[PDB]
């Protein structure tokens, strides 16, 4: 199945539908772009980005009716109106209690899009939204109850402005959205919004992917990070590649109900380094290691929950205490330590403790470089944060160096002409 040039849809043995190359692609080549089928700017970025096109700039004009949507100009505002009108009056009516989840917000837009544009869109050249996997038969009752709550919230916040299909159809759709929806992030991997990119959702998973997905406004772009030969399958990663094999496959199993057999998962080459044990005089016993791994996974999950109701200083305390406890057995380059160091850095940034955030960054960066693959956005984002921190604290040489490391990754991932790169070059001069 063809039309996107140089590519086709096919049946990948052992995996199912996928995407393969018909022509070579070199590192940094653009395979395809996919316009968003539906998308929504996250609430905390309102006023910083245009709701229609996601341009980040000053001096955006306001929707006069609700005062909660911002735009480059009246053309962006008018083009956004079919989607924005789903929320404009409801925000006025509900005021401070207007609070649908972002999943609910995105699903409302999908429904409006289906009504206005029932035919195949340019976002769906090889895979249609209706063909999305739901995994509905594999979901437990807890997840199905959350789907029913989303349906309830959809009705509650959007009923004046949408006609709904039946409960059965919404259950399928919500399940499809839960597992197919993408996040759009900025250059520091900060959350900007959510979107549906149907053609991107065709790609199968590898823990050594040969492409990387980036965003230019609401457009997804897919570039090669390894050489791809004619006839080879195009693989993205569905999950965070920092973690060792068991953890990667736990996340794959819980969200998509499969496990990976790629070369990384097969060989487990990076696993030993990822869970590095301190080389002490009396080395830690095997039991103690299992104990500390168990503790680490617990605190990682505990911390995920705790950030919905603890203060910044309490969160930093959990990070510090967990790091102290883990350091009896784990090296600082160990991925569970890096996890908590990364959370700590974010808490520091939130509190405007620039020095503290910088110190955490300096310890994270070299382990990141080794644990992630070559052209990782996680690595690039960390160099950029370091660079910006260094610049702000007047370490101009160190800052320039870090920003250059960011650029060298981003030229490949984002393309040399991406506006993010122009902005970062300006920071090196200014």
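Numbering follows the first chain given and starts at 1. Each form is matched to the other, and the largest set of C-alpha atoms that superpose within 1.5 Å is called the rigid core.
- The stretch that strays farther, by root mean square C-alpha distance over structures and residues in 6 other deposited structures of this protein after a rigid core fit, is 11-19, when 11-19 is set against 405-413.
- For 150-158 versus 219-227, the mean Cα distance to the shown form in 6 other deposited structures of this protein after rigid core alignment is larger for 150-158.
- The entry shows a gap from residue 3 to residue 4, with 1 to 3 unmodelled residues of the deposited sequence in between.
- Stretches 31-39 and 61-69 differ in mean C-alpha B factor, with the higher average recorded for 61-69.
- The stretch 228-236 shows the higher mean C-alpha B-factor when 228-236 is compared against 170-178 in the entry.
- Highest CA B-factor among 150, 133, 124, 75, as stated in the entry: 75.
- For the set 205, 310, 113, 105, the maximum C-alpha B-factor listed in the entry falls on 310.
- Residue 416: CA B factor in the highest third of modelled residues in this chain (values from the PDB entry).
- Sort the modelled residues of the chain by CA B factor and residue 143 lands in the middle third.
- The deposited CA B-factor of residue 90 belongs to the lowest third of values across its chain.
- Split the chain's modelled residues into thirds by C-alpha temperature factor. Residue 22 is in the highest one.
- When all modelled residues of the chain are sorted by CA temperature factor, residue 381 is found within the lowest third.
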